[PDB]
């Protein structure tokens, strides 16, 4: 993959994240290899840019062989889209829990497989562990989306910016933050932080969102405010506020014009 600090872009495959209209990410959440393959097949007909595999939804996550088998199955079905490997931790709202060591080993195994283009690492996993794993990913030509989630509130704009800057400091290729609005003002706080980060500090693409139906604007206005990607739902949403993939592309295309 490539990255430019001037264009503030990350290029994975031929996809240029940070240029033009925001890119669409869709999450695959199957429990079994059968569910993963059927979802992948169904998704192939959809118009998205990046496939996020939510590995925390996978029952056999603790069996190394099974994870590799599922990654391979996805790659065989969805052959022309970057594959993002994401174990969302229990701490940050994931479907199952792993020790820090297990979580880092899981991500290292994904990097080593050569089957995934990007991995998601959580900002608050631990500095030593994050830096070591970012380095390992980079040594293997795998990009890192570094993430943070607040499912119950929206921190101050200053705190949101501080977290995004810390992700940059840790070597994140793409800093990403998702927060929960409790008011309409909270949605605008997330957008304010997005504009501030993108205009003042970012030298790479960032991804931001205010969850829930109230925060939907944050999933649509990335081109003007400075969010490089957005999540859409093919069937079931991976988080509240996501709109259908078809509708999402329609809105982004309208805004790009």
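Residue numbers count along the first chain shown, from 1.
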For the C-alpha atoms alone, is the average B factor greater in 34 to 42 or in 186 to 194, going by the entry? 34 to 42
Would you mind comparing 173 to 181 and 77 to 85 for me and telling me which has the higher average C-alpha temperature factor in the entry? 77 to 85
According to the Cα B-factor stored in this entry, which of the following is highest: 55, 64, 229, 70? 64
Going by the CA temperature factor in the PDB record, which third of the chain does residue 25 belong to: lowest, middle or highest? lowest
Residue 144: which third of its chain by C-alpha temperature factor? lowest
Of the three thirds of Cα B-factor ranks in this chain, residue 221 occupies the middle
Sorting the chain's CA B-factors, does residue 154 end up in the lowest, middle or highest third? lowest
Give the position of residue 120 by CA B-factor within its chain, expressed as the lowest, middle or highest third. lowest
